[PDB]
Every structure is written in C-alpha cells, then in structure tokens.
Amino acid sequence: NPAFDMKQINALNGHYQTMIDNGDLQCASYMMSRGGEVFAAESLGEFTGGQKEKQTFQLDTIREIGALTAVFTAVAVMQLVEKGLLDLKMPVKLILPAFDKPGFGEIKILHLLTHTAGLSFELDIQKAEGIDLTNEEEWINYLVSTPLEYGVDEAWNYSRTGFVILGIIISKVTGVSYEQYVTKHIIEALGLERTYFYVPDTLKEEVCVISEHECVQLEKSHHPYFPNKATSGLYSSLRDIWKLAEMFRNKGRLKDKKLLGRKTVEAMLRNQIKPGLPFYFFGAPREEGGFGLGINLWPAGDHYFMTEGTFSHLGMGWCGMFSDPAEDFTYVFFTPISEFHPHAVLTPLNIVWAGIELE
C-alpha cells in the first residue's frame, strides 16, 4: 500500500539510535506518509527536562518548531491576499511609515516573503539599549536605524526579522494581534490539536526541553526580543506539523478543512527567486535553489534523492518538514539538539527517500 522499503526504516531507526547511544543526540522522532496515510512513525530516546528520571520522548511530545513558525506566517499573509486585504506588490512603507526612507522604501511584501528584501539575518540586540524591543513602533525604528545588507531583489538571504515585519503587517491590516489571527484562522481552522503560541500549564510537563534556557522560555507569555512570535515561538508536535505539510501537498485543504485555494498554494510552491542571484545563509554563501512564497524548495533535485519540486522548511531545535508531491510523500521529524549537525538533520533525508518505491 505505501510502497516503501521497510529496510530503510530499520536503517533510519539505527541511524538515530546510534547517535543517541553515542551521546550526540538525546532524542529523535519522525513521521512519514504516502498518499496522506501515515505508515511509519517512531520516537527514540529520552530528554532531560525533568532533571533525573529522564522523560520518555513520545510522538505527541510538544516542542518548539523554531523557524517553522514562519510557515504559519506565510499562510496568514497569503490568506489576506485571498481576501483582498493585502497585495504582495504593496510597498512596506504604505503600512509602516518608518520604511519611508532610502533603501527601505523599495521593500515590498513580496520581498519579505522570499527573503529578497536585503535584510540581514538578525538585529543587534545588545546594541539597542534604552529601547523597548517588545513595542512594535520602537522595534521598527531601530530596524530602519540598521543598514540594509543588500539591495532589494539583489540576493537571497534568510532573515528572521523579515517575517517579524510580516507579522506586524498582519496585525495592522486585520486589526487583531498576529497570534490571535494565526490561532483562529490557521491553528484552529486546520484542526491542530497540540499547537500553541503559549502552552497551557496542564500540558507543560509534556513539552520536551533539553536545556533550562528552554525550560524558562516555556513560562513566558511574550517573545523576549521580538515584538511578535511571527518568525519563531510556536510549540507544536509531529502530527500537527505533518498536517500542515499535507495541507500544502493537497494544495490548501486537508479533508474538510480548507486553508488556502489551490491556485494560491501553486504560487507559493513555485520558484520566486530571479535566476543568477547569490544565496547567503547565516553569513555564509549557500547553494542556489528554488524558494517560493515563504516556503523553501531546496534541497531538492541535484544529487539529493528528493524529487525536484519537493518543498520544505527547517527550524532550529531542530525540526523539519519535507513533502514530495511527485511521490505523494511527506516526512516530518523532531531532532532536539543544541547545535546543528547535518548528520542528524539532513542525512536522514537520504535514508528516508532511498526507501520510496513505485507507487
């Protein structure tokens, strides 16, 4: 039925368990599906969030998704385009008057969705003493006080701040807070069971935490250095992230719950970057690849086993969602780790896609 070589499931499990036995990894969990039917799901290891008596890592365990929150932000922006409240060609300065200045006056909403607005990866937090980074207006004024890194449409550079701006734009046009909109129109609309901007106290002991820096961040009611939680701050689980990825693969709907039109998702899933533009990620050059409307189309093709057209996104944590429309295949994973190690985040993608057989 799923057309999958189960020997690669044993290889995938042994790959995660080996890193767990070696101390390179505390826990790991994944979930893969063919044609919308989950045929393999597993959680490995434990985590030290409860100090001693290590908490078992389960499939419904809650954990931050990091930059996967930006995928929720991209859906919200495109929902407002569907309603006629936003247009991707709108200059940001028409909504945020602080952008009415050289350089920033050319940034359109489309540039923020595709990381082509020239913004740097982050803002200098320790250099903004005496300003309230939680306030929207004072955060934007310090942002436009910062030099733009590249010109608009001149380079692809992943920017966390770019999607915080989108969350502010969502709030200014809808009249409700960003977190209020995403909760009603995406989280509840898609039927996400264990996805929260702020975990209720009854469920906090079911949240996986590997560093007490995350244990203290679980009890906060607002983002520490961002005016909103538009680029990171969501807590979720494998089943919910899998539902979100399957919504894109089915072009905007999941069973009876429709989040976007199928023509909207097609535009989000096609490449939006002009050819020949250089790609940068975290101060280092990155290989060029397709990037849609808030959705990543890379890695795919080339030497990778993922078919050309595979959309994805990664989140610090780490976590990730990968869906192959050509194979009706979706793979989501939780790999809690404090450093990025490609052997734990990217290498299992080779193991997983090597098991796909003829549908």
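A residue's number is simply how far along the shown sequence it sits, counting from 1.
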{"property": "Between the two ranges 131 to 139 and 231 to 239, the one averaging a larger CA B factor in the entry", "result": "131 to 139"}
{"property": "Comparing 348 to 356 with 1 to 9, the one whose average Cα B-factor in the PDB entry is higher", "result": "1 to 9"}
{"property": "58, 26, 323, 69, ranked by C-alpha B-factor: the highest one", "result": "26"}
{"property": "Out of 272, 195, 146, 79, highest CA B-factor residue", "result": "146"}
{"property": "Within-chain third of residue 51 by Cα B-factor, per the entry", "result": "highest"}
{"property": "Residue 264 - which third its CA temperature factor falls in, relative to the rest of the chain", "result": "lowest"}
{"property": "Entry-reported Cα temperature factor of residue 210, expressed as the chain third it lands in", "result": "highest"}
{"property": "Modelled-residue ranking by C-alpha temperature factor, third containing residue 97", "result": "middle"}
{"property": "Chain-relative CA temperature factor third for residue 171", "result": "middle"}
